[PDB]
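Asker: whatever this is, show me its structure:
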Amino acid sequence: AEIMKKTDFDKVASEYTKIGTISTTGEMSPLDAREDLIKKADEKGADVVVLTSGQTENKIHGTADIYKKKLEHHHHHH
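Answerer: Numbers count the residues shown, from 1 in each chain. Sure, the structure comes next:
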(Lines give C-alpha, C1' and ligand atoms only; values in the text may rest on other atoms or scores of the structure.)
Protein backbone atom coordinates (compact mmCIF):
# COMPACT_ATOMS: atom_id res chain seq x y z
CA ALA A 1 0.00 0.00 0.00
CA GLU A 2 1.21 3.60 -0.84
CA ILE A 3 0.40 7.06 0.65
CA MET A 4 -1.31 9.60 -1.67
CA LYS A 5 -3.76 12.47 -0.90
CA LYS A 6 -7.29 12.65 -2.44
CA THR A 7 -6.00 15.39 -4.83
CA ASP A 8 -3.30 12.97 -6.17
CA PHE A 9 -5.58 9.89 -6.26
CA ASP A 10 -8.58 11.71 -7.91
CA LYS A 11 -6.84 11.62 -11.37
CA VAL A 12 -6.91 7.76 -11.34
CA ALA A 13 -10.10 7.30 -9.15
CA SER A 14 -12.00 5.20 -11.80
CA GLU A 15 -9.00 2.78 -12.03
CA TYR A 16 -9.51 1.77 -8.31
CA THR A 17 -12.31 0.60 -5.92
CA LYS A 18 -13.04 1.74 -2.29
CA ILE A 19 -12.84 -1.37 -0.01
CA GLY A 20 -13.14 0.59 3.31
CA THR A 21 -11.83 3.40 5.57
CA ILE A 22 -8.88 3.14 8.01
CA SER A 23 -8.12 5.52 10.92
CA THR A 24 -5.14 5.99 13.29
CA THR A 25 -5.87 5.80 17.08
CA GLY A 26 -5.08 9.57 17.02
CA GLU A 27 -2.83 12.31 15.56
CA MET A 28 0.42 10.56 16.62
CA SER A 29 3.20 11.88 14.29
CA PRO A 30 2.86 13.00 10.51
CA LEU A 31 5.13 10.33 8.85
CA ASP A 32 4.29 7.76 11.62
CA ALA A 33 0.53 8.18 10.87
CA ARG A 34 1.31 7.35 7.21
CA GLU A 35 3.24 4.14 8.18
CA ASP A 36 0.48 3.00 10.59
CA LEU A 37 -2.15 3.58 7.84
CA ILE A 38 0.07 1.62 5.34
CA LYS A 39 0.11 -1.18 7.98
CA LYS A 40 -3.74 -1.25 8.18
CA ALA A 41 -4.32 -0.82 4.41
CA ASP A 42 -1.76 -3.42 3.25
CA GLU A 43 -3.05 -5.83 5.99
CA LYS A 44 -6.56 -5.40 4.37
CA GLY A 45 -4.88 -6.00 0.93
CA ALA A 46 -5.28 -2.39 -0.37
CA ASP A 47 -3.18 -0.99 -3.25
CA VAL A 48 -3.57 2.76 -2.39
CA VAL A 49 -4.03 4.64 0.92
CA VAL A 50 -5.90 7.92 0.20
CA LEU A 51 -5.31 10.49 3.01
CA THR A 52 -8.79 12.05 2.97
CA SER A 53 -7.72 14.62 5.59
CA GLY A 54 -4.27 15.59 4.26
CA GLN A 55 -0.85 15.14 5.94
CA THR A 56 2.15 17.03 7.50
CA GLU A 57 0.27 17.67 10.84
CA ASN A 58 -2.14 19.98 8.88
CA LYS A 59 -5.25 19.60 11.18
CA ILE A 60 -5.15 15.79 10.57
CA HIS A 61 -6.28 12.91 12.83
CA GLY A 62 -5.34 10.22 10.30
CA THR A 63 -8.43 9.10 8.31
CA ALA A 64 -7.72 7.51 4.90
CA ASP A 65 -9.94 5.65 2.39
CA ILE A 66 -8.37 2.37 1.18
CA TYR A 67 -8.61 1.38 -2.50
CA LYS A 68 -7.75 -1.68 -4.61
CA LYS A 69 -6.64 -1.61 -8.26
CA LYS A 70 -8.79 -3.13 -11.06
CA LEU A 71 -6.58 -6.07 -12.21
CA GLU A 72 -6.98 -6.86 -15.94
CA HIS A 73 -7.34 -10.33 -17.55
CA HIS A 74 -6.86 -10.50 -21.41
CA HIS A 75 -9.42 -7.64 -21.96
CA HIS A 76 -6.89 -5.54 -23.94
CA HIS A 77 -9.53 -3.08 -25.29
CA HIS A 78 -8.16 -2.83 -28.88
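Asker: give me the buried positions along the biggest helix by length in the chain.
Answerer: Identified as the longest helix of the chain according to DSSP state H is helix 30-43. Across helix 30-43, burial judged by 16 or more other CB atoms under 10 Å covers 33, 34, 36, 37, 38, 40, 41. Every residue, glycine included, has its C-beta placed from N, CA and C.
Asker: identify, from the residues you listed, the entry nearest to residue 19.
Answerer: residue 41 (9.1 Å; CB to CB).
Asker: quick one, what contacts residue 20?
Answerer: Applying CB atoms under 8 Å, 6 or more residues apart in numbering to residue 20 gives the contacts 44, 46, 65, 66.
Asker: tell me which two of those sit farthest apart.
Answerer: 44 and 65 (11.5 Å).
Asker: what segments of the protein are strands?
Answerer: 2-5, 16-23, 48-51, 63-69 (DSSP state E).
Asker: centroid-nearest residue for this protein?
Answerer: A centroid search over the chain (CA atoms, centre = their mean) returns residue 49, at 1.1 Å, as the residue closest to the centre.
Asker: excluding chain neighbours, what is closest to that one?
Answerer: Once flanking residues are discounted, residue 49 sits nearest to residue 41: 4.4 Å by CB to CB, 6 or more residues apart in numbering.
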